[PDB]
Each structure stands twice: as C-alpha cells, then as structure tokens.
Ligand SMILES: *Cc1cc2c(cc1C)Nc1c([nH]c(=O)[nH]c1=O)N2C[C@H](O)[C@H](O)[C@H](O)COP(=O)(O)OP(=O)(O)OC[C@H]1O[C@@H](n2cnc3c(N)ncnc32)[C@H](O)[C@@H]1O
Ligand SMILES: *Cc1cc2c(cc1C)Nc1c([nH]c(=O)[nH]c1=O)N2C[C@H](O)[C@H](O)[C@H](O)COP(=O)(O)OP(=O)(O)OC[C@H]1O[C@@H](n2cnc3c(N)ncnc32)[C@H](O)[C@@H]1O
Ligand SMILES: *Cc1cc2c(cc1C)Nc1c([nH]c(=O)[nH]c1=O)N2C[C@H](O)[C@H](O)[C@H](O)COP(=O)(O)OP(=O)(O)OC[C@H]1O[C@@H](n2cnc3c(N)ncnc32)[C@H](O)[C@@H]1O
Ligand SMILES: OC[C@H]1O[C@H](O)[C@H](F)[C@@H](O)[C@@H]1O
Ligand SMILES: OC[C@H]1O[C@H](O)[C@H](F)[C@@H](O)[C@@H]1O
C-alpha cells in the first residue's frame, strides 16, 4: 500500500463509486477504503440478487438483506422473562447487555435504521428505484434562477441515470404489471399519472434482470489494468477509516487514519483530496470522531467549534405498507378477449382469441401468453402465466399527493412469507412520506459507549414532526387504503401499517448541504465541500437538506457528480 | 469451454472438490460444473462466515443460511384463509400453488430437507463438524477383517482431516467452552467422555476462526496458473447438468448434457470419466432423469431396469434441540479464584488472583481473562469476557448413548434470537439420532411435476422406522433433558423439541454403497463406481448405507478419496 | 351486570368466548411433523375432536357459533338495537 | 368482545373500536343443511354451511365498507398496531 494518493475515498458504495468513476477517469491517483469485504462474486460490489438461483426463488432474498442490515442503535432491553428455572443465573436489573445502547431513548429512536458493511455498500441489496426529485423535494443548486437550477438538475440527473443504467421499460411485457398499471391509469384518469418505477437495471431475458449496483457505476478493479492502462485506482477492503486529521487553522485535512482489520495495523494515509462517502450515519460518526460537531449528548451551553449543524435536521421518511389479493374482476379481465369452450383437462377444451381485433382489451402478445398458459396448464385456475414478472408501478410525488409510491413485488418482505394465497395474485403497496427537517431531530454519538468497531456509538433523538409531516403521513395511509382497494382487498397478515421508523433506510440531512453555513444551518456547500476546508468533501444522502419522499440515491449521486466538477477545477492530478 | 475433458465433475461442494484435488493434482484435464454461482468473496467457494462483519455479528449469519436453503418438497398448502375481502379472487380448491408438490404426502415428508445452489455448495455455510464414525455407524470397506477394515478407514479419515484442516483445539482457551466441558466431564466421570467437537477450522486470532469449506479442499481457480502451471482445471458456474447419456448396452456414459443458464444454450460435454457430486438429492435426480432407477410414483409391478435400489433405504437423522441459561452455580464458579477488593466502579476496586496457586480451580489463562474483564468493565454483572468464544463440546456416539451431540452455540438458530437474556449465558444442545435404512423409505421423482430448473420434482416417502430408531429418538430426548439440566434450566422459547424431519441435512443412502448390487441392495461399489458402468462415479453422503448419528461429510469425503484411487489406476490423463 | 365485570371490562371477552360453541368445524389438516417418533401418529387427517366431515372449509361460516344457557345469547350481547329502515326491512 | 390479545402498552383511554357491518343479498345457493349421518354433541343432525358472500352488490359494498372504515377512522386517529383494518371470520 502507498503512502500518498491524489484522492482518497472512504466507502465503496454507489456514491463513493461516483467519485471513483469521475476522478479515476479524469486521471487522478485514487485510493478507496471500505470497512467491509468483497462478497458479491467476481464482479466486485455487484448486486447480490443477480444470481439465477435468487431470481428463481425470489422469496429467499429477504434473508440476504437481513443478513447485512446491522441495527444502528438498539435500546436496552426490558422484556420480562419470569419463567426461567430457579437454578439459572439472572440479574436483578435490565443491565447493558447484548450490544444495546444505554444512551438510547427507545421512544425517540429510528429502531429500523441499520447499516451495511460490505464492498458496494447497500447497493449490493437495494431495490434499484431511481426517480428524480421534482422541485418541491429538491435542494437548490442555483438561487433566483429557477431555469438555470432546472437545467443544472436535468444535466446531473441524466448523467446519474447513465451511470446507474436507469430505465422505465424493463417490465413492459409483464401481464401483472400492465394489469395493475392500466387499471390505476383508468381509475385516476386525469387526476394522477402512473408509469413504471424508474429502475437501475437492464433485463437480460424474460426470466432475469441484471440489477444495477456500485459495480455498474465503477467496476472496482485495481488500475492500471489491460482495459484501463493509464488509470490509477486501488481498493482496500477490510479497512476501518477512523478520523480525518485537521490542521490547526481548521482549513485543511492533513491525513486520514485508518485501521487494517486483517493485520491490525494503524496508518495515516495522505492525499490532496479527502472524500467521505461512508453512509449517512457513518460519515457523521467519522467527522464527530475527528472533532467536527460535538461528541456526546447534545449540550447547547457548549456550542461546537466546527459545524454546529452536523447531526441536526435529520430526516427519515414515514413508510406505510400493505399487500393485496387481486380482485376477481381484474383476474377475469386478464382473459376478457378469450373464447373458452369445453371443460379444462378434457380433449374438447379450447381457448382462442381473435388476433388484432380492435374490440380486444389486450394486445396480441398478452392474449398469446394467456392462451398458452391456459392450454398447456389446464389444471391451473388462473390465467396469469407462472413466470410472469411482477408489477413495478408508481405514481410519483406531486403536491396533491405528496408521497412516493411503489406498487408491485419487493424482495424486502417484512413478515413470514405467506403460502396459502397464490403469489400471482399478490401486489405490494409502499408509500413513502417526506419529513420536515427540524433542528431537534438528531443523530449524535456517545462519548462513552462504542460500537463493534470501537468507534463512538450512534444514538438518535427523533420524532416525526407535528404539523405537515404528521398530517401528510396519515393522509398517505388513507390514500394507500383508498388506492389499493381499486386492485383488491388486503392480504391477511399484511394489513395496512406504518413501518418501524428508519426501516426506510432513506435517512438524509445528517451533514446537510446549503449555500451558507449559518443562514442555511448546514455543513457542506453546493460543491459538497465542508465549510472552511479546502480539501474535504462529503457524499451521500446525508447531504440532502430537504423533505423528500422519493428514493434519494439518484439525487445523492447527482450531487456527487457536481462535487467532482469542483474537484476537477481545483486540484491537478499527479503525473503518472 | 472445451468439448472434451478427461474428467467432468458435477457440483463444486466439498465432495466434488475432493475429486478435483485428487485428479487435478494427478495431471487429469478436469472440468467442474455447478448449477450455482460464485457469490462468496475472492476465495472461490469459501465459507461465508469468514468475514470480520459476521464474526463481529454472529447472530446475523442464520440469515445467510436461510437465504440458501431451498426446500426440497413442499406439499400442497391447506391453510384456510377465510378473511379475504369478498372482492378478492378466492380459491375453490387447495390447488397447486407457489411451487408446491402435489405428489407429496405431507405426513410422510422430510419437510426440513433443503438444497443449496452456490459455488462450494453447503460448505459455504456449514457448521464444520467433522467427526469420524466408529465401527457401529460405518459401512465396511474390507469384509471379514475388522482390523484391516479399521486400518483402511484410519488411512482415509486421516487424509480427509488433512484436506478439511480438522482439529480439536481451536476453542481450547474459551472460558465457556471449558466451563461446560469440565462440568460434563465431572458429572459423567467414568461413564462418558467429552471433548471438543472435531471442527474443520483454523484459528487466526483470539476473535477470528477461519472456517473450512470446499475452498479449503480445492481453491477452485482455473488451471494452469502461476502456482500450478502444469495442471488443468476449469470451473463453469451457472450450468445446470441434466443427464448422463447411457450407451444402449448400459456399460458406459457417452456424454453429459448441460444447460448454460446465462446464455440459455444446451451442449453435450464428452469426458473419459464422469463424477456426480451434486448432493444426496440432486445426484439421485440427475440419475433418474438419465434412465437409472424408476421415474414416477414407485410401482413394483414394473421394476426398473437399472439400479433398482436407487432412491430407496434413505436415512435422515432425528434431531432434538434446546437452549439453556447457565446455572448461578457455574457462573459464580467462573470467578472462584479472584480476590475482589472494594466495590465495583471507583478508582479503588481491585480484582486480582495468584498465578499458579494450588488452591486455584482454573488455569492462569482463565483467571487472567476473567480478572481483566472484571477490571475493564466493572459495571458488568458477569465474569465472562465479552469476546470469549462459544463452547464446542461433544460426547461422541457410543453403544450406551447412540446419538451424536453438539453443545455450545450454533449459528443456525431455529427461532427469533432472544435479546432479553445475556448471550454469554446461553448454551445450545443438539442431539442427533441414527436411522435404520428401510426399503420403504424413499426419495423419488415425479413423472409430471417439475422443479425450478425444469427437472423431475423430488418427493419423499419417509417415516422414522418403528423399533430401535424410534425408541432411540425418544431416549435421546430424555438424555438431552437430563444432561442439559447439569448446566442450567431451559431458555423459554427454546424448550426441548424434535426438529422438522430433514432439518439436519444429513440425508444418506439415496444412492447407497455396498459390495454386491443385489445382496447389499446398493447402487455403487466400494470404488464409488455405479454397477455395470465403467466410467461413472457418485460422491457424497448419498453413498453412506448405514444408520449414522454423527455428521456425515467427513465419511463421504473418505469414500471419495478411495474412489479417486480407483480412477487413477484405471484411466490415463491426456497429454498436456 | 356485575360490579366486578364493569370494574374489569377487559375480562368479559372470556365469558363470551366460554359460551360460543362453534356451529360447524371442518376437519383439521394442520401438519404437526415434530412429534416424538414414539408417539401415536395419524396416517390421515381423520375425523377428530368434534369436527364435521361434511363441511367444506372454504364455503363455511367458521365464526358461526351458538350459546346454550338460559337467556341464550342475550346473556352476553352488546345490546345494540337499531331499527331497520325500509331498505333493509321486510 | 375483543378479537385479539388485549394490548397493554397503549392507554385504554386513547382506544376506539370500529365495526362496520355489511348487508348480504339472500341467495338460494347459500345454505344451512344438516347431515343424515353426522350428529352434534346432543345427538341431533350436525349442521353444515354452504356459504359464500354473493358476487355483485354484496361484494362491492363489502370492499367499499372496508374503504369507508379506513377513511372514517383516520379522522379520529391512526390504527392501533395489532388491530389493523381487517375482515372478520364469516
Ligand atoms: C438495504 C436497502 C437500501 C435501499 C433499498 C432497499 C434496501 C433493502 N432500496 C433503494 C434504496 N435507495 C434508492 O434510492 N432506491 C432504492 O430502491 N436503498 C438505499 C440505498 O442503498 C442507499 O441510499 C445507498 O446505497 C447509499 O450509498 P452510499 O452513500 O455510497 O452509502 P452505502 O451505505 O451504500 O455505502 C457506504 C459504505 O461505506 C462503508 N463504511 C462505513 N463506515 C466506514 C468506515 N468508517 N471506514 C471505511 N468504510 C466505511 C461501508 O462498509 C459501505 O460499503
Ligand atoms: C446447510 C448446512 C449443512 C451442514 C451443516 C449446517 C448447515 C446449516 N453442518 C454440517 C454439515 N455436515 C457436516 O458433516 N458437518 C456439519 O457441521 N452440513 C452438511 C454439509 O454441508 C454437506 O454434507 C456437504 O456440503 C455435502 O457435500 P457435497 O456432497 O459436495 O454436496 P453439496 O450440497 O455441498 O454440493 C453440491 C453442489 O452441486 C450443485 N448441483 C446440484 N445440482 C446440480 C446440477 N444438476 N448440475 C450442476 N450442479 C448441481 C450445487 O449447486 C452444489 O454447490
Ligand atoms: C354472542 C353475541 C350476540 C349478539 C351480540 C354480541 C355477541 C358477542 N350483540 C348484539 C346482538 N344482536 C343485536 O341485535 N345487537 C347486538 O348488540 N347479538 C345477537 C343476539 O344475541 C341474538 O340475535 C339473539 O339472542 C337471538 O335471540 P333468540 O332468537 O331468542 O336466540 P338465542 O340464541 O338468544 O336463544 C335461543 C335459545 O334456545 C336454546 N336452544 C337451542 N336449541 C335448543 C333445543 N333443541 N331445545 C331447547 N332449547 C334450545 C338455547 O339454549 C337458547 O338459550
Ligand atoms: O423497506 C423500504 C424500502 O422499500 C422499497 O424497497 C424501496 F425501493 C426502498 O428505497 C426502501 O428502502
Ligand atoms: O440444524 C442442523 C445442523 O446442526 C448442527 O449445526 C450440525 F453441525 C449440523 O451438522 C446440522 O446440519
């Protein structure tokens, strides 16, 4: 390993990989460190759902997600167990046990918040939904010129969409997708528009989708290599980055202190440019461990030297969820263009349709797939083919329905997987609310309790704010109940519910962007540069300072792209 | 991908890798195919528990196991869901839904039986317990010469242990391990012997154990490479192997028909030697799909032409389980040697001991870790260090207690993890019974229903035989209850129970070994060669024809080693 | 109408449950495959514990129950007595 | 007449129950009949139901009744975890 790089990036998630792709490509000498290890196959940091096996058994993938979601703060446990044998050892108190955080108020937590430590970060498991924010949800990159701001966002999002391979066509031939899309489109005719959820993914075959990931942004291969002989990049896994060292004036970072988890060695790495893309929780941790913000329980009477807004104004989305069982009317409608004679399972049975007829409700490709299913499988009481892909439907956030929606099938199931109801009939509903940024909603770090990596224990103090956030969240619930009913009734065991706070994993605003540190209560400027510091940048959803409902990663990547433009303008690459 | 090889091996689990290690090392041009993918880090086929993150969060690893255990045979669901909305599509019958298997009698199943399809097979998640079988549990390799039979098993087992890196001292300085070991040794003094579970594992650090896997046996890198420039090996993942093609004379295999899951194409691969190591269920399936045994529901009236014992005499072990909460007595004994000064928490408290004192109940390494824990953490009410490894205790199968036992902490938890009870108090108990082989116990494959890879659906017809197998299982349950109580009372939520049949994943005898096809009711001889066929071999637990309690993989590997000696004598490698 | 029930109203569900005897219970087909190998075990889902083998589980009023006490179900009911409007009324 | 375990963490003063009841079209095919072989606990012919909620108006109204309860109840408060909106056993 070297002493000296042009750029060091902490984290190999998709935002770290945006920095690598831009900067490695512009000829910089780059080092990237990740605390986790390579475990997606030979494609480093690729999506773990891209196996033939997982896509043939998609109900098993929730186990992969759960296997790499380590809860951020778990309050001390007060469950009463009073049926132990009298011979068994017991304490007299609910003591600090099993890694629990005694700092944590269990009634002001994001109990669902979790972090992932593997190369490629959470993008090794994510859903790949990559919608744009509309103006209402989106921070300003230019003030008092709406159209210049629009132009800037379009340019950045479009680039971000190409890095992720975002598209809205991958589910276009699914019967279930179109069944639900078309019904919703008809029902809300000229009140709401419906489309495919924009997905970072390329379809390989009718039965396989290559989901995008960090690896899609940047392959993570060490460089120079035969394909990139003039490029310079080293990935160092199993390396806990612990502190950036500030000069006395607080105007520059002088080194990054790391801990090699395999050898146990501790080094200081030198770079011209330090980029922190370790996640919304862990960027905050690392900065606090470095003397930014304030360590320990908040105390106003001791304002911090640097970045007093660090860990304040945190946001996380309210999430409501249910599943439905497709209505008889919609199932019957799948076979509306068919002529069905005789009795299934006998040689007199037949199913036909008229090709190209304009009274047909469905296209030929639909009617052919129904025909073939019904004729080849006459034991089956449903008209939907067995390998039909799932719906992937959304009506994006608008001011009159200020929530994001995802309607279809999600690998991240939240309860035991039902087996009594045919999976073809099941549609999932997830609506995501925006949360107002409020100073009192905080991520902070213990001065005494440490985590499994001996760094300061994260602790949340969060409640969904009264006023607009709370009113929207409940109207969002009612809207899900109202809309889902147009498709079918609720599946027992998946009735409408709010999910645990933070189960979303869309936390933002932990190290938020604005134009002015004081007036905008923020930590980085629009170049993602930490105020005061020449050479320290933050990347990730932690930057986003607004109340947003839609999935944030595309927006974070867009920001990282703009940040890299500043870097190219102000630092020169070392000669090869 | 060439068209011609010396040896083709189906499956990259530890038994296929044994064939690889032996025949690649001997100069053969070998190809190995696996229906699954490289998913598991840069060490191809390695244990997935070998990450810093999993060993810092071992309670998460159950998720990785669950995520790659795909149920073999799920009977049609008859759960009544009578609270759907009246507008939802509702079933009139319990029809065949969600990949369930209508051939399956739910009351004669191995419901717990499951398969793993990833490079390295189940050795990417297994517990790594590798005991030897004593005579009583073990098939004969030599007739009429018990001492010759024993010497041959010693020779094979010793190689096998070397390939897996089996050892019995990786947990020797664990306090919990010795706490339970010593207590059971004393309680059963002169009656039974206790020891560490033999484990395929090398300790690297006091908090990390490099668990062995297929990778340990054979690293799975394509050859030639720098380190082995005269060897020839190719691994082809994502290739479903479907049939071995018999010549009309049924004396030889002419090719292996494969389906490349990525391109979708099907090819015929030619080899001199064909080795099937696809696991106990899938070797059988591949054979039946190739014309061996009998496809479809068993029908005696029309006996099969080849291998009429295939899929018969199957054995699976009974498994009882519980967890206990450590007795007050044993916890207090942990600190028996300490001198304790003052009262916990101030600059004044002191904990000390005398190294070497004859009055000491525990060694110096034990007291030192204890002392240190009680001084670095005076708030903690327990004397067990936070980083102390789990117990790994067994008393091995004997005539007077004919069950294998594993006592400690298994990463394969069967219910939600308790967080109310301190984990350092918890000890798991897994006792495993042996099942007599009976012709009526069967694994067979549907002539109509197919699985996710369009192969004949597997179906169990199984019950634990009445008589000794059943009497022994119930006796085993009482023994766990009686033995466990010497350590502590049961943990609510983990009360003593029989696990689902097949949850063991120790299925044997599906393609069983013996000396004489007819007299021993078997499919392969002691070279693992399929009777009548010059160039087809089967490896794996499916070969083991006896009633066994202990974990079978080491014994399967031993048989594979012997098989390789035959191949090496009877086939010549192609020139390089 | 006891002081003790109206002081502990949460408890009266037990009284209701205790005198609702189910009308028709279909034959049970739950799989229990973790019995000890020594215990007597069914080969079939035979008619057990009062179940009715005539009853299709899927065309049932499973929640239907009856009460056999003097005063019948009025000994536990909710006492809601609305009139029907014409729409609902014979 | 509570349907699930009585929850204890939320102050009972905050809790409001909602029950909305639909009307069911009378249909000849919806039947209560009595076995000629099976008997009940008083040795009388065992009752058997053959019942589905009629398609059409009864079904439409039932789903609409659910939606109305989600809409109405939200004016008072959000759903209590464990008593989420659900159809009860027929
Ligand atoms: C788990 C999850 C996540 C999302 C979806 C579904 C599920 C179940 N679905 C999804 C998401 N977001 C979208 O916009 N759309 C979707 O459909 N999910 C969230 C998404 O996954 C995240 O927003 C995104 O990855 C964040 O990218 P990032 O800022 O690059 O952050 P990551 O957490 O992915 O990666 C950071 C990284 O750094 C490491 N690390 C952490 N601490 C350290 C230290 N101290 N030193 C070194 N490295 C560190 C990690 O190990 C990790 O790889
Ligand atoms: C899952 C597990 C299993 C074990 C333990 C714990 C758990 C949770 N613990 C354990 C075991 N056994 C031991 O002796 N001791 C213990 O502590 N477990 C069982 C052990 O894991 C197995 O006995 C062993 O791997 C079997 O080895 P194998 O005979 O080589 O078989 P695998 O199942 O490992 O590998 C088969 C392999 O071939 C593939 N495959 C399947 N079908 C096909 C077809 N048609 N074409 C091509 N390839 C195919 C798989 O994908 C797989 O990798
Ligand atoms: C259990 C229940 C019932 C009602 C509500 C709440 C609950 C949990 N609440 C309620 C009801 N109705 C309302 O209009 N408003 C609400 O708030 N419930 C229904 C109500 O309880 C019934 O509709 C009402 O009692 C019916 O009155 P009935 O026609 O007089 O019938 P009962 O079932 O009350 O009593 C009949 C009776 O005769 C007996 N019996 C049964 N078979 C025989 C035979 N062969 N021989 C002799 N006697 C027989 C019973 O034992 C019983 O006492
Ligand atoms: O569980 C909440 C999640 O639900 C959906 O899968 C979304 F796509 C994702 O952005 C989110 O994290
Ligand atoms: O859950 C059953 C499992 O329990 C223990 O882990 C044993 F090591 C293993 O051989 C077995 O498969």
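Chains as they are written, first to last, in the deposited numbering: chain A, 43 to 618; chain B, 43 to 618; chain C, 92 to 181; chain D, 454 to 543. Beta carbons are placed, not taken as given, at the ideal position from N, Cα and C, and that holds for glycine.
Near ligand 6: residue i beta-carbon under 8 Å from a heavy atom
i              : result
residue 408(A) : The model depicted lacks ligand 6 and carries ligand 1, ligand 2, ligand 3, ligand 4 and ligand 5 instead.
Helix, strand or coil at residue i according to DSSP, with G and I counted as helix
i              : result
residue 168(A) : coil
residue 463(A) : coil
residue 62(B)  : helix
residue 211(B) : coil
residue 301(A) : strand
residue 520(B) : helix
residue 486(A) : strand
residue 267(A) : strand
residue 163(A) : helix
residue 449(B) : strand
residue 598(B) : helix
residue 579(A) : strand
residue 526(A) : helix
residue 586(A) : coil
Limits of the alpha helix (DSSP H) - the one that residue i falls within
i              : result
residue 619(A) : With chain A running from 43 to 618 in the structure shown, residue 619(A) is simply not present.
residue 276(A) : Taken as a continuous stretch (DSSP letters only), residue 276(A) belongs to no alpha helix (DSSP H), being part of the beta strand (DSSP E) at 270–278.
residue 251(B) : Taken as a continuous stretch (DSSP letters only), residue 251(B) belongs to no alpha helix (DSSP H), being part of the beta strand (DSSP E) at 250–253.
residue 328(B) : 322–331
residue 259(B) : 256–259
7 Å Cβ cut-off: residues of chain G touching residue i
i              : result
residue 519(D) : Absent here is chain G; the protein component of the structure consists of chains A, B, C and D.
Neighbourhood of residue i by C-beta distance below 6 Å, restricted to the same chain and skipping five residues each side
i              : result
residue 336(A) : 346
residue 103(B) : 91, 96 and 453
residue 308(B) : 301
residue 286(A) : 295, 298, 316 and 332
Range of the contiguous beta strand (DSSP E) that encloses residue i
i              : result
residue 501(D) : 498–503
residue 428(A) : Taken as a continuous stretch (DSSP letters only), residue 428(A) belongs to no beta strand (DSSP E), as it is neither H nor E.
residue 247(B) : 241–247
residue 312(B) : 308–318
residue 288(B) : 281–288
residue 195(B) : Note, residue 195(B): premise wrong, no beta strand (DSSP E); alpha helix (DSSP H) at 188–206.
residue 469(A) : 468–475
residue 51(B)  : 46–52
Close-in-space but distant-in-sequence residues of the same chain around residue i (CB under 8 Å, 5 per side omitted)
i              : result
residue 217(B) : 376, 408, 411, 412, 426, 427 and 430
residue 468(B) : 365, 366, 367, 368, 451, 460 and 533
Chain-order list of residues whose beta-carbon lies under 7 Å from that of residue i (same chain, five-residue window excluded)
i              : result
residue 237(A) : 210 and 436
residue 202(B) : 596, 599, 600 and 603
Uninterrupted beta strand (DSSP E) stretches inside the region 356–423 of chain B (no shorter than 3 residues)
361–368, 381–383 and 392–394
May I have a chain-ordered list of the alpha helix (DSSP H) segments no shorter than 4 residues that lie completely inside the region 58–144 of chain B?
94–98 and 103–109
Using the beta carbon as the reference atom, which residues fall closer than 7 Å to any heavy atom of ligand 4, ordered along the chain?
168(A), 169(A), 171(A), 361(A), 448(A), 452(A), 454(A), 472(A), 541(A), 545(A), 546(A), 547(A), 548(A) and 593(A)
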